[PDB]
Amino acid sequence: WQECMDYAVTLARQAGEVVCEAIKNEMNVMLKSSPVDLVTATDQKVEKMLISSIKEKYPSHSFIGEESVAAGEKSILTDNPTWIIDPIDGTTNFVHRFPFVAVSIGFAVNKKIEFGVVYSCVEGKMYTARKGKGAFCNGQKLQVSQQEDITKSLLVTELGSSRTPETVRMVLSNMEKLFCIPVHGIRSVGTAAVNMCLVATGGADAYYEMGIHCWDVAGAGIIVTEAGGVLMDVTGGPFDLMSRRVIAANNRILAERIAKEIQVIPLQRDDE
């Protein structure tokens, strides 16, 4: 797998420069399922680049990509080596030139993530992790924080892609409960992968969100765990790559305290 991983990094840095060059220019913004669900030509171009370059070196491997799924593909995970890709995580940020956009790649064999590569191109941070090998950012080994007291934690989360009054009110309600525990604060950088990568570095204590997809957490999840953290479903149950929900914390203590506070929003699984 090291051959594939080293290849993924080269590919990530490559797709990374395409994105980071495109960000400097005027874009043609297009909508997908709503006026806030955006996509551009770069999202599509980069994804086709990645898939081709991968199936060119590894023709037997399967692929699960955000735009490919929107192109007609089904997001079904088998035991076969599968590349779970998100060409640009932070499309809205990308469109606005907000300094946080990443290229995310996850690789799963036997339905388990072997390695994850997350490239934050604007800042030039390459986050990588291989099962049992550790998590790193530009050669620097990562380690999650040791905070076990919720009232002294810094959390990260996003408001979501939905504008439905009920869904929104529930998200804000969950945000309120945690906020008033209280915790030191809540941050929102604009991308699931980076938010999680910040938890891995220890700059944030935990991340939680409902509404995400497999391509959002496939690369960063392994990075949090290899940094010493834990992944979990919002329900307190085990993490599920297709569940649309996740809690990426420094330790099990915060994860369960957070789970205890938030109310689940009904979501449709990616494998349905």
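Each residue number is its position in the shown sequence, starting from 1.
K.L.:
Tell me which of 100-108 and 175-183 has the higher mean C-alpha B-factor in the deposited entry.
P.N.:
On average, C-alpha B-factors are higher across 175-183.
K.L.:
Determine, for stretches 226-234 and 43-51, which one has the higher mean CA B-factor as deposited.
P.N.:
The recorded data point to 43-51.
K.L.:
When you compare the CA B-factors of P81, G134, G190, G124 as listed in the entry, which one comes out on top?
P.N.:
If I rank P81, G134, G190, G124 by C-alpha B-factor, first place goes to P81.
K.L.:
Using only the C-alpha B-factors in the record, can you name which of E158, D149, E73, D86 has the highest?
P.N.:
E73 has the highest C-alpha B-factor of those listed.
K.L.:
Please place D216 in the lowest, middle or highest third of its chain according to the CA B-factor in the PDB entry.
P.N.:
Ranked within chain, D216 CA B lands in the middle tercile.
K.L.:
Once the chain's modelled residues are ordered by C-alpha B factor and cut into thirds, is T128 in the lowest, middle or highest one?
P.N.:
Lowest third - that is where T128 ends up once the chain's C-alpha B-factors are sorted.
K.L.:
Please rank the C-alpha B-factors of the chain's modelled residues and tell me whether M210 sits in the lowest, middle or highest third.
P.N.:
Lowest third.
K.L.:
Going by the recorded CA B-factors, say which third of the chain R245 sits in, lowest, middle or highest.
P.N.:
For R245, whose C-alpha B-factor we compare with every modelled residue in the chain, the answer is the lowest third.
K.L.:
Against its chain's modelled residues, does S162's Cα B factor rank lowest, middle or highest third?
P.N.:
Middle third of the chain for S162's C-alpha B-factor.
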